[PDB]
*Asks:* 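Have a look at the structure that comes next, please.
When reading the values below, keep in mind they use all heavy atoms of this one structure, side chains included, and skip hydrogens, waters and symmetry mates. Indexing begins at 1, ligand by ligand and atom by atom, following the structure's order. Throughout, a chain's letter reflects where its sequence line sits, starting with A, and its residues are numbered from 1.
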Amino acid sequence: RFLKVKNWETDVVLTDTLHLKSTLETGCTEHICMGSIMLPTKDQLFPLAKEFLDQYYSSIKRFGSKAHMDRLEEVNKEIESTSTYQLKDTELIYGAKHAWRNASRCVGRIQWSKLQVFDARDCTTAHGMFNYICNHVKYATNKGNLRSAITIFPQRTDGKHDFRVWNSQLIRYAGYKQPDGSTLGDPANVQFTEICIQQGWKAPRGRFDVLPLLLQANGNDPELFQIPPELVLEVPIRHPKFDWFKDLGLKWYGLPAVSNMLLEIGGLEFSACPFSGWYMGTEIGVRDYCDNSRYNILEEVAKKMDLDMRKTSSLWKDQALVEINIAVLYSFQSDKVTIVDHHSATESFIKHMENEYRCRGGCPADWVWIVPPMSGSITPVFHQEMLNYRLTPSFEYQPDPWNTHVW
Amino acid sequence: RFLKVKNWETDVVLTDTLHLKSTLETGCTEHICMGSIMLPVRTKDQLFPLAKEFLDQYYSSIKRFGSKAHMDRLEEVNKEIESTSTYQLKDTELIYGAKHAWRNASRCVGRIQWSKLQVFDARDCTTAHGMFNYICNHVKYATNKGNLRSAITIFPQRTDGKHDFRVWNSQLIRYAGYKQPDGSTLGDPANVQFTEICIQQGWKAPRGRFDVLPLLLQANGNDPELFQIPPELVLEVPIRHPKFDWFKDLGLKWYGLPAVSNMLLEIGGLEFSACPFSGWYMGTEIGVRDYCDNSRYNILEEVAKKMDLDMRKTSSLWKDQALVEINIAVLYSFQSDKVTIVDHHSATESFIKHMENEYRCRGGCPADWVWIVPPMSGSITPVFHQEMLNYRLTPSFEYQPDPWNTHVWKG
Ligand code: HEM
Ligand code: HEM
Ligand SMILES: Cc1cccc([C@@H]2C[C@H]2NCCO[C@H]2CNC[C@H]2Cc2cc(C)cc(N)n2)c1
Ligand SMILES: Cc1cccc([C@@H]2C[C@H]2NCCO[C@H]2CNC[C@H]2Cc2cc(C)cc(N)n2)c1
Ligand SMILES: C[C@H](O)[C@H](O)[C@H]1CNc2nc(N)[nH]c(=O)c2N1
Ligand SMILES: C[C@H](O)[C@H](O)[C@H]1CNc2nc(N)[nH]c(=O)c2N1
Ligand SMILES: [Zn+2]
């Protein structure tokens with residue numbers, strides 16, 4: 001019932017007790033492990049509400065106190081009467097931060113307590129959503145000195161009235177399928193891009209076209225808006241030693257900001273809750289540039305480096321992969337946009353695991369997502385055993401709305 | 001029941017039915033995943049069902065399920081278990097069982113090769129000297145002057161668990177480690193403890209950076225005894241780099257034969273506690289782990305120094321640059337000497353084809369993602385994007401605690 005995690009590099013052993021507060025199902029049984037799988041009523045609500053408020057009042061050193069019980073009562077009366085309830089601001093800030101703290105797939109949680117929360121619960125239209133979003137983008141970007149933030153729109157009601165940001169991230173590049181057969185821009189977005197023009201976007205049909213936001217307010221058909229160009233901070237990609245690099249015409253955006261997830265606090269569901277921090281270098285350099293299904297530029301780069309591409313064992317993919325990543329780090333650093341390397345990020349996360357075991361009795365961590373997609377075993381997280389379990393408040397992946405929604 | 005795995009690069013979706021034949025526990029629950037935890041005397045009562053499952057499997061595979069031959073063998077094994085409380089595998093059973101332990105090993109990326117395995121039956125062995133000779137012939141046949149062949153040697157099964165055969169080495173060929181009084185280590189820090197046991201047992205240590213350890217062999221539950229593998233039998237490759245002429249002066253070399261000797265082989269409920277097996281290396285096991293783990297030879301600093309990389313900031317990716325170069329050197333050195341080796345690109349592509357063939361032909365392929373994805377260049381290999389199900393089939397290879405912890409010393 002109490003569980004050990006060992007680091008095989010340092011021999012440090014940690015004891016996890018936090019997992020018995022785990023509630024949700026993980027996808028694994030005694031018979032099958034699904035560690036590597038990407039997607040494994042009034043009655044139901046008050047347990048959830050109670051459980052959250054209990055942890056809330058516990059964290060403010062006020063468990064079992066008058067203010068505590070009074071709130072539990074107020075919330076109970078409200079559920080019994082209205083079919084749901086409203087979070088107080090303090091609870092909302094606590095909820096959001098803890099959802100980040102519980103995010104087992106996030107390497108950057110050392111930062112979890114420094115999260116600016118924008119309460120957009122008074123929002124009522126998509127124009128309103130647009131306005132809240134621009135302000136988020138601008139506050140977070142901060143001329144390159146990036147700041148963690150989240151913006152929280154109205155919670156689920158009867159479920160026919162959801163708020164949703166159709167985009168998967170606030171800022172992403174367009175993708176178009178061409179007559180010659182290939183793909184221009186980002187192949188991850190062909191589908192969404194198509195829906196954009198189908199709803200009326202004047203696509204420039206270029207390679208690095210910042211997509212338009214598609215916002216659904218109050219379960220209504222979604223609407224189009226361009227983020228003011230001057231709010232999207234982009235970085236042109238150059239190498240500190242390879243002068244030809246620039247000529248590939250590579251840029252990326254400074255602000256990673258995930259906008260398809262669902263935040264669950266005390267059993268209430270916030271379906272639109274874009275959040276943003278700052279990039280770990282490998283995310284652009286390894287995944288966005290080098291994935292076969294993405295920009296897929298290894299071949300081009302290896303060529304310019306005059307490497308032996310005749311056989312896999314010359315490790316030309318690997319050599320090129322590293323330089324592409326050196327270039328992403330250099331560029332962001334030279335233009336003074338916050339970015340973190342995988343060595344630094346994973347080191348910070350180990351320090352953070354130690355803190356969470358010391359101070360909380362554990363840290364849910366998903367090793368498959370935490371170990372970077374390059375140079376795994378030279379980073380310390382490779383050698384660290386992790387327990388993965390689901391705590392609330394949480395972030396949850398939700399299905400692309402277009403698959404669902406009717407017009 | 002059905003279970004789907006998707007590949008996120010190709011969108012290819014596979015369907016696993018084989019997990020339905022899964023027995024042992026994983027260590028995971030509906031509330032906790034332990035997929036990244038390294039580690040998550042048998043009664044008559046429990047043995048006949050395990051013999052029965054296995055022989056049902058064996059006879060299905062040779063297309064004789066339900067034959068007289070099958071039914072007679074069931075009855076015969078039933079009888080041995082009744083009378084002697086264990087049983088003996090036929091040669092054909094042992095061979096099939098050893099091949100399947102490999103096939104079922106979910107942490108092994110090399111399984112496209114599972115059906116080409118040389119089985120050396122050493123179940124007539126009685127002494128450590130006998131074990132030494134069996135092991136020598138294994139090393140020599142497996143090496144084959146650089147053209148490596150997969151092989152396994154199987155010593156007699158557990159009886160009362162008081163008479164176990166064990167190879168105390170974790171691999172047949174490994175380098176010594178020596179802790180210095182200043183706190184540093186000479187040779188392989190991974191083998192310090194075992195090196196000490198060897199020294200305590202009588203070995204005269206050369207005290208160099210690349211000393212091949214002596215075998216330490218237990219037969220019949222007896223205290224183990226030391227033997228030196230004939231040096232002419234230990235094929236080694238000096239490490240050099242194709243463009244960097246200074247690389248050779250680092251002094252590195254490595255052995256050609258990866259041979260795991262610390263695992264327990266389970267077949268039809270029988271336990272084979274000494275069963276060293278060997279294949280050939282994937283380059284990253286040497287170049288990433290052996291040389292670049294901080295707890296191992298740890299040559300990163302030294303390589304980047306000589307490369308004159310900028311080492312003031314981790315964000316120069318100097319560690320990453322040195323890593324690739326060392327791994328280029330390993331593959332180059334092995335290929336130049338005609339010693340079998342496989343790079344991680346080729347090994348993972350081959351594994352993905354094996355996996356797909358396995359889903360078509362068998363209804364699944366249990367796979368441990370954490371172990372199968374290489375420890376460098378993760379996502380530029382096709383396995384990174386592959387969903388995998390991990391579960392446990394028999395026959396199988398299981399981890400054993402080191403014998404020096406459990407062994408009853410006789411004197
Ligand atoms: C401040 C710097 C941050 C760093 C360096 C960072 C690091 C990362 C990385 C590298 C990933 C992998 C994403 C992928 O592979 O697509 C990730 C995932 C994630 N992070 Fe963070 N994070 C940061 C801030 C945040 C914030 C502000 C939140 C929410 C408040 C958050 C919550 C999450 C969640 C829920 C995931 C999983 C997303 C998914 O399932 O696709 N992180 N984190
Ligand atoms: C033919 C060439 C082979 C290649 C390229 C290969 C590849 C690998 C690699 C790279 C590992 C992980 C090494 C580690 O992290 O310690 C591994 C693990 C393993 N392989 Fe293989 N393999 C081969 C042959 C074999 C053979 C002949 C067997 C037994 C018949 C085998 C059974 C295993 C087992 C049981 C593990 C997990 C070991 C553990 O838990 O420590 N493999 N394989
Ligand atoms: C807030 C923050 C900080 C640092 C970095 C980020 C980067 C932007 C986050 N990455 C976006 C790319 O996301 C794709 C790739 N990894 C899983 C997919 C998204 C995804 C897909 C599916 C099926 C499930 C799931 N949970 N996530 C975000
Ligand atoms: C047959 C064959 C072919 C190719 C490569 C091999 C590689 C050489 C074998 N690797 C040996 C070093 O092994 C350490 C490091 N990876 C797991 C540990 C051993 C280990 C430790 C623990 C706690 C559990 C476990 N199951 N294995 C074998
Ligand atoms: C199937 C496998 O889980 C999938 O490719 C994962 C692996 N690890 C990952 N890790 C991160 N951070 N992000 C990802 O998108 C993935 N993809
Ligand atoms: C903690 C974690 O399970 C451990 O470091 C694993 C990760 N992946 C591995 N993969 C392989 N092939 N071999 C290993 O020894 C390990 N070690
Ligand atoms: Zn699991």
*Asks:* With a 4.0 Å cut-off on heavy atoms, does A:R287 reach ligand 3?
*Replies:*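 No, A:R287 has no heavy atom closer than 4.0 Å to ligand 3.
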
*Asks:* Roughly, to 10 degrees, what angle do B:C28 atom SG and A:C33 atom SG form around the Zn ion (ligand 7)?
*Replies:* 100°

*Asks:* Quick one: does B:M38 get an N or O within less than 3.5 Å of an N or O on ligand 6?
*Replies:*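 Min N/O separation from ligand 6 is not below 3.5 Å for B:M38.
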
*Asks:* Between B:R103, B:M388, B:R111, which is the residue that forms a side chain to side chain contact (heavy atoms under 4.5 Å, CB included) with B:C365?
*Replies:* B:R111

*Asks:* Any side-chain to backbone donor/acceptor pair from B:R296 onto B:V288? Under 3.5 Å, distance only.
*Replies:*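 Such a contact is absent between B:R296 side chain and B:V288 backbone.
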
*Asks:* For atom 22 (C) of ligand 3, which of A:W100, A:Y279, A:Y397, A:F275 has the closest heavy atom?
*Replies:* A:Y397

*Asks:* Among A:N102, A:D366, A:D16, A:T26, find the residue that satisfies the side-chain hydrogen bond (donor to acceptor under 3.5 Å, both in side chains) test when tested with A:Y389.
*Replies:* A:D16

*Asks:* Please classify the A:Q169 to ligand 3 contact at 4.0 Å (heavy-atom distances, strictly less than): side chain, backbone, both or neither.
*Replies:*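 Side chain only.
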
*Asks:* I'd like to check whether B:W371 has a polar contact with ligand 6, where a contact means an N/O of the residue lying under 3.5 Å from an N/O of the ligand.
*Replies:*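 Min N/O separation from ligand 6 is below 3.5 Å for B:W371.
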
*Asks:* Nearest protein heavy-atom contact for atom 7 (C) of ligand 3: which residue, which atom, what distance?
*Replies:* A:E283 OE1, 2.9 Å

*Asks:* Any carboxylate oxygen within less than 4.0 angstrom of a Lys/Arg side-chain nitrogen, looking at A:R390 and A:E396?
*Replies:* yes

*Asks:* Find all atoms of ligand 3 within a distance of less than 4.0 Å from any non-hydrogen atom belonging to A:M38, and give their numbers and elements.
*Replies:* 21 (C), 22 (C), 23 (C), 24 (C), 25 (C)

*Asks:* Report the part of A:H383 in contact with ligand 6, treating N, CA, C, O as backbone and CB onward as side chain, heavy atoms under 4.0 Å; options are side chain, backbone, both, neither.
*Replies:*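 Under 4.0 Å from ligand 6, A:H383 contributes backbone atoms alone.
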
*Asks:* Please list, in number order, the atoms of ligand 6 under 4.0 Å from a heavy atom of A:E385.
*Replies:*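 So the atoms of ligand 6 that pass are 1 (C).
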
*Asks:* Considering all heavy atoms of both residues, which atom of B:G287 and which atom of B:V330 are nearest to each other, and what is their separation?
*Replies:*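 Closest approach of B:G287 to B:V330, heavy atoms only: CA-CG2, 4.0 Å.
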
*Asks:* For ligand 6 and B:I37, I'd like to know whether there is a polar contact (N/O to N/O, distance under 3.5 Å).
*Replies:* no

*Asks:* Name the orientation class of the two ring planes belonging to A:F192 and A:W402 (parallel below 30°, tilted from 30 to 60°, perpendicular beyond 60°).
*Replies:* tilted

*Asks:* Which atoms of ligand 6 are found less than 4.0 Å from any heavy atom of B:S36?
*Replies:*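 Near B:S36, meaning under 4.0 Å from one of its heavy atoms, ligand 6 has 1 (C), 2 (C), 3 (O).
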
*Asks:* A:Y253 side chain to A:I171 main-chain N or O, any donor-acceptor pair under 3.5 Å?
*Replies:*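 Yes; at least one donor-acceptor contact below 3.5 Å.
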
*Asks:* When you measure from atom 14 (C) of ligand 3 to the protein, is at least one non-hydrogen atom found at a distance under 4.0 Å?
*Replies:*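 Given the 4.0 Å limit, the answer for atom 14 (C) of ligand 3 is no, no protein heavy atom qualifies.
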
*Asks:* Please work out whether the ring planes of A:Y139 and A:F118 are parallel, tilted or perpendicular, with thresholds of 30° and 60°.
*Replies:* perpendicular

*Asks:* What atoms of ligand 3 come within less than 4.0 Å of a heavy atom belonging to A:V258?
*Replies:*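 Listed by number with element, the hits are 8 (C), 9 (C), 28 (C).
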
*Asks:* Name the closest protein heavy atom to atom 17 (C) of ligand 3, giving the residue it belongs to and the distance to 0.1 Å.
*Replies:* A:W369 CH2, 3.5 Å

*Asks:* Looking only at protein heavy atoms, which one is nearest to atom 5 (O) of ligand 6, and what is the separation?
*Replies:* A:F382 O, 2.8 Å

*Asks:* Name the closest protein heavy atom to atom 4 (C) of ligand 3, giving the residue it belongs to and the distance to 0.1 Å.
*Replies:*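 Closest protein heavy atom to atom 4 (C) of ligand 3: A:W278 O, 3.3 Å.
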
*Asks:* Check each heavy atom of A:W367 against ligand 6 and say whether those closer than 4.0 Å belong to the side chain, the backbone, both or neither.
*Replies:* side chain

*Asks:* When you measure from atom 27 (N) of ligand 3 to the protein, is at least one non-hydrogen atom found at a distance under 4.0 Å?
*Replies:* yes

*Asks:* Determine, stepwise, if the pair B:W114 / B:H354 fulfils side-chain contact (heavy atoms from CB on, under 4.5 Å).
*Replies:* CA-CA 10 Å; B:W114 78 271; B:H354 171 71; 3.5 Å; yes

*Asks:* Within the protein, is there a heavy atom lying under 4.0 Å from atom 1 (C) of ligand 3?
*Replies:*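 Yes, because at least one protein heavy atom sits under 4.0 Å from atom 1 (C) of ligand 3.
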
*Asks:* Can a donor-acceptor pair be found, under 3.5 Å and without considering hydrogens, that links the side chain of A:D400 to the backbone of A:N403?
*Replies:*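 Such a contact is absent between A:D400 side chain and A:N403 backbone.
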
*Asks:* Heavy atoms only, cut-off 4.0 Å: how does A:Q384 contact ligand 6, side chain, backbone, both, or neither?
*Replies:* backbone

*Asks:* Relative to the heavy atoms of B:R289, which atoms of ligand 6 are at a distance of less than 4.0 Å?
*Replies:*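 Going through ligand 6 atom by atom, the ones under 4.0 Å from B:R289 are 13 (N), 14 (C), 15 (O), 16 (C).
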
*Asks:* On a heavy-atom basis, which atom in A:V368 and which in A:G35 lie closest, and how many Å separate them?
*Replies:*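 Closest approach of A:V368 to A:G35: CG2-O, 3.7 Å.
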
